[PDB]
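Chain residues, written in single-letter form:
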Amino acid sequence: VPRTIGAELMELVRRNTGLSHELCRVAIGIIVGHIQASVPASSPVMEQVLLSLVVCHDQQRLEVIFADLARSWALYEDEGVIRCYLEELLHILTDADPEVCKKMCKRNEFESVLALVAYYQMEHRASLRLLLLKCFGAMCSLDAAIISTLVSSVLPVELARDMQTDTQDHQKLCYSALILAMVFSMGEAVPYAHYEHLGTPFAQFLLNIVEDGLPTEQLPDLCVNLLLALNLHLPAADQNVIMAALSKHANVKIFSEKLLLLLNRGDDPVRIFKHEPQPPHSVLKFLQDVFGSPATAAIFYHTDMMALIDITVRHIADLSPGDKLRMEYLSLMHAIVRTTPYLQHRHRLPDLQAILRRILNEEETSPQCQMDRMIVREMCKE
C-alpha cells in the first residue's frame, strides 16, 4: 500500500463527488471498513489504507477566486456572477481542508484577505456584502492570525459605519454585529484609528439598540455581546470609550439586567473560537470595568445591586478551589465594595464574612487558590 493513499483518495473523492473533507474521510472509512469487515483476509491492505488516513482543486480554485476578486473590477460585473464567486469561496472555506485554506489566506502577507476587505469596502450590494461577511466569518474559524489581520485592517471600521448607516437591514446588521463580535474576540491589538470610527458614539449606538431596540429581537443580545467583545481589550477606568458612553447616559436598566442574567449564567458569550493564549472572561471583565468607577457603577439600580451581590457571592461560595473563575468573582466583589455603598446596605454580608473566613482558611497548596488568597486578604478592609 502506497504511503500516500489517504490524501490521494481524499483528493479524488473531493474533486469528483464534490463531497466535504469530513464526509470524504467518512465515505472512505465506510467503504474500506465494510470491505474489510465482509471480506475477511482483505484486512492487511484495508487497515493500512485506514492508517494512511491519519496541487489540489480547492487550492487552485482559491487561487483563481482570490486573484479575480483582487482585480475593483468586481464592482463592474453582474451581481449573480460575484454571487457565485462568493458562494464558491464560502463553500471552499467551509468544506475543504482547513490547512489548505490557512495556507492560501496567508499568502503574500494576507494579500487575498486584505484584498477581500478592500473589496468589501466598495461593494454596496447587500447580497454580496452578506456573502462577504459570511466568508470573513469562515476565515475567522480557521486561524487567529487571520483574525489579527482583519482587526488590523479597515474591516471593523467599515462594519461599524455600515451598521450606523444601513440600520434598516436587520440581517446584514446581525451578521455585521456577529463578525465584529468575532474579530474583537481575540483581544490582541487595538488600533485607535478605528477608535475614531468606533468610539463612545458607536458604543452609545449599540447601547441604544440594547435598551430601546429596532422597529425577532435577535439584535439586542448580539449588540450586548458586541459590547462585550469591544470592551474585552479597552482601557481600565477613565479612558474607556464604552464606560464613557455609560458615564454620559447611566439610564440603562435593560442592559444592566442583561448583564445580571449573563453573570448568572456564568458562561462567556464572547468566547467563540479556540486559539492560543485564551483571552479573559467578557462578562466578568466588563463588570469589573463597570465597578472600576462609581459613575459607571451607577448603571446598577438599588435592586439590581443587591441581586448582583447575591449572584457574585453565590459564585464565590460555589466555585471549588482551583477554578480560574473564583479569583475574578472575588475581584468583582472587591471592586463592588470599592465602587458602591456596600457598607450602607450591608446586604449579603453576614454570609460574605463566612465566605472570606472559609476562603482564607483554605489549606489548598495550589497557585490559583493562592492568588485568590492574596486577593481576599487584600479585600479584608474592616
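Residues numbered from 1 in each chain as written, not as in the entry; some residues may be left out. Heavy atoms only, no water. Residues with missing side-chain atoms left out of burial classes, pairs and counts.

- This deposited entry lists X-ray crystallography as its structure determination method and 3.04 Å as its resolution.

- Under the PDB entry, the name given to the chain is NCK-interacting protein with SH3 domain, and the organism recorded is Homo sapiens.
- Regarding the chain, the relevant UniProt record gives this comment under Subcellular location: "Nucleus". (UniProt positions renumbered as here; feature names shortened; annotations may be inferred.)

### Focus: the overall build of the chain
In step 1: Helix and strand counts for the chain stand at 23 helices and zero strands.
In step 2: Seen through its principal axes, the chain has C-alpha atoms that stretch 75 × 60 × 35 Å. (Helix = DSSP H or I, 4+ residues; strand = E, 2+ residues; numbered from the N terminus.)

### Concerning the packing of helix 5 (residues 79-95) against helix 8 (residues 126-140)
In step 1: It is the contact of helix 5 with helix 8, at a shortest axis distance of 9 Å, that shows an interaxial angle of 15°. As summarised for this structure, helix 5 and helix 8 are arranged roughly parallel, according to the angle between their axes. When the axes of helix 5 and helix 8 are compared, the crossing they make is left-handed. Judged by residue contacts, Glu79, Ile82, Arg83, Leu86, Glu87, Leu89, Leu90 and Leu93 of helix 5 engage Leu128, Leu131, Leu132, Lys134, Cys135, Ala138 and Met139 from helix 8.
In step 2: Among the residues forming the contact of helix 5 with helix 8, the class breakdown is 11 nonpolar, no polar and four charged. (Axes fitted to C-alpha atoms, helices over the stretch in contact; angles between N-to-C directions. Parallel < 35°, antiparallel > 145°, perpendicular 65-115°, else oblique. Left-handed = near helix turned anticlockwise from the far one by under 90°. Contact = heavy atoms within 4.5 Å. Nonpolar A, V, L, I, M, F, W, Y, C, P; charged D, E, K, R; others polar.)

### Re the pattern of salt bridges
In step 1: The shortest N-O distance in the salt bridge between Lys106 and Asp143 comes to 3.4 Å. Of this pair, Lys106 sits in the loop between helix 6 (98-105) and helix 7 (111-122) while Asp143 sits in the loop between helix 8 and helix 9 (144-152); the two residues are 37 residues apart in sequence, bridging distant segments of the chain.
In step 2: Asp289 serves as the salt-bridge partner of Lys285, at 3.1 Å between the closest nitrogen and oxygen. Of the two residues, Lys285 and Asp289 both sit in helix 17 (residues 282-290), four residues apart, roughly one turn of that helix. (Salt bridge = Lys/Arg side-chain N within 4 Å of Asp/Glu carboxyl O.)

### Here's the deal with the packing of aromatic side chains
Each aromatic ring pair is summarised here by two numbers: the centre-to-centre distance and the angle between the ring planes.
In step 1: Considering the side-chain rings of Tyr120 and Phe136, the 6.0 Å spacing of their centres and the 70° angle between planes classify their relative orientation as edge-to-face. With a gap of 16 residues between them, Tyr120 in helix 7 and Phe136 in helix 8 connect regions that are remote in the sequence.
In step 2: Centre to centre, the rings of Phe255 and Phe286 are 5.5 Å apart; their planes meet at 70°, and the pair counts as edge-to-face. Taken together, the residues span a long stretch of sequence, with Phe255 in helix 16 (residues 253-265) and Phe286 in helix 17 at a distance of 31 residues.
In step 3: If you follow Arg129 out to its NZ or CZ, it ends over the ring of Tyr120, 4.4 Å from the centre. (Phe/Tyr/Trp six-rings, centres within 6.5 Å; stacked < 30°, edge-to-face > 60°. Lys NZ or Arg CZ within 6 Å of the ring centre and 35° of its normal.)

### What about unusual backbone geometry?
In step 1: Here the phi dihedral of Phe110 falls at roughly 60°; this positive angle occurs in a residue that is not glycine.
In step 2: As for its position among the elements, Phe110 is in the loop between helix 6 and helix 7.
In step 3: Positive phi outside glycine occurs at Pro277, with the angle close to 50°.

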